[PDB]
Amino acid sequence: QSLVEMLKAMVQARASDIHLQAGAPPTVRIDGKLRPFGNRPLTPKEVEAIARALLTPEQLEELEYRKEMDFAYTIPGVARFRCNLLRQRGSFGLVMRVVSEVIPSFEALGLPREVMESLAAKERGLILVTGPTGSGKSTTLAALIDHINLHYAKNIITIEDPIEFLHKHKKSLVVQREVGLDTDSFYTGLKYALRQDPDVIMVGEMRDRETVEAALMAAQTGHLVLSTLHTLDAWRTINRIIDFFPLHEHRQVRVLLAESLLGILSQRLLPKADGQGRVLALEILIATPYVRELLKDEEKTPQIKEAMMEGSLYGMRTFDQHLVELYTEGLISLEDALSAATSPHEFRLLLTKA
Ligand SMILES: Nc1ncnc2c1ncn2[C@@H]1O[C@H](COP(=O)(O)OP(=O)(O)O)[C@@H](O)[C@H]1O
Ligand SMILES: [Cl-]
């Protein structure tokens with residue numbers, strides 16, 4: 001209706017998320033931030049009408065039996081949505097997520113092309129993209145899978161919760177399995193993927209020791225494995241993986257981690273200085289032979305910092321290094337650069353040398 005038109009306008013405004021809640025106006029999430037999309041508060045009556053307009057008649061009946069409902073909805077040639085209908089304070093609520101089929105380029109994402117293609121070219125090993133919710137981890141992964149799909153003839157199996165990007169077949173097969181629908185869990189998906197003749201396995205996130213170990217093993221075996229963790233940088237990411245295990249297993253885990261790791265890409269999305277959205281702060285650890293030593297040996301592991309700062313031949317760099325580069329280039333403010341810095345001290349030192 002007008003609904004379809006509003007949704008379409010919202011999507012064209014680059015809304016990642018649409019919130020329809022009684023007492024507020026239609027609200028969109030754009031570039032990570034919620035913004036109102038209209039000046040009039042939705043009434044309970046209006047939210048319900050929107051809901052009934054989106055559901056199939058069968059869905060409408062099962063709706064009277066559920067506190068919550070998760071469902072797909074498509075506006076042909078506009079967008080695909082996953083939708084969560086809820087109840088709050090006697091009233092229906094609606095949260096719609098756009099499933100995009102449009103994959104940004106490395107350059108669009110601020111991801112160094114040469115590094116990316118190098119990691120994509122490996123046919124064995126673990127690539128970890130880390131950071132908290134909203135860091136662009138899904139997106140880096142989607143760009144990385146897309147690159148593989150269009151230059152390599154491979155079987156790519158992804159296990160996702162939920163599917164954020166839809167890939168079409170190009171040069172590769174891309175098998176995408178949604179947790180809760182296609183497969184029960186990351187573990188279930190990872191496990192049976194081992195049986196489905198994959199070249200590339202993407203595990204959306206690792207929450208178990210079981211899943212972390214399985215993913216490492218899969219990488220050790222000879223598959224290319226992509227995954228994410230919530231951790232802020234390489235140092236924390238490495239330690240977090242090990243801390244998943246009982247203490248008596250830890251040097252086994254280092255051995256396992258050191259030999260199968262390829263790279264860690266830790267990400268933070270900072271507000272752009274001009275204010276035209278956001279920009280990626282990115283730390284790269286590449287698992288060179290020397291870096292593997294550092295990993296395998298607990299005493300030499302913090303020497304990962306120095307390795308990154310001098311590793312630009314590979315091309316590594318720390319957060320504090322990339323931030324300097326972003327600040328001097330006028331892509332972020334000094335305030336934002338300093339609040340983001342791993343150590344706001346080592347930043348100004350490093351900065352003064354430019
Ligand atoms: N490299 C990037 N630069 C700017 N914005 C990005 C980048 N990657 C992702 N985004 C945006 O940030 C939002 C959240 O990204 P997402 O990939 O879902 O992060 P995560 O997987 O860490 O939650 C999305 O709206 C997306 O458009
Ligand atoms: Cl309310």
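In each ligand, atom 1 is the first atom listed, and ligand 1 is the first ligand listed. Positions are given from 1 along the sequence.
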Going by an N to O cut-off under 4.0 Å, is there a salt bridge joining [X] and [Y]?
| X | Y | result |
| --- | --- | --- |
| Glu101 | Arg80 | yes |
| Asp243 | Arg240 | no |
| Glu164 | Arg97 | yes |

Residue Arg35 excluded, over 12 heavy atoms near CZ under 6.0 Å: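 No.
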
Set of residues that line ligand 1, where lining means a heavy atom lies under 4.0 Å from it: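 Ligand 1 pocket, heavy atoms under 4.0 Å: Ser16, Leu109, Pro132, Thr133, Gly134, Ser135, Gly136, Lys137, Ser138, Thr139, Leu269, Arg278, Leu280.
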
Worked verdict on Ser2 versus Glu5 for side chain to side chain donor-acceptor pair (under 3.5 Å): CA-CA 5 Å; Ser2 187; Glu5 257 150 36; 5.0 Å; no

Parallel, tilted or perpendicular, as decided by the 30° and 60° cut-offs, for the rings of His147 and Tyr152: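 Geometry flag for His147 against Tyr152: perpendicular rings.
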
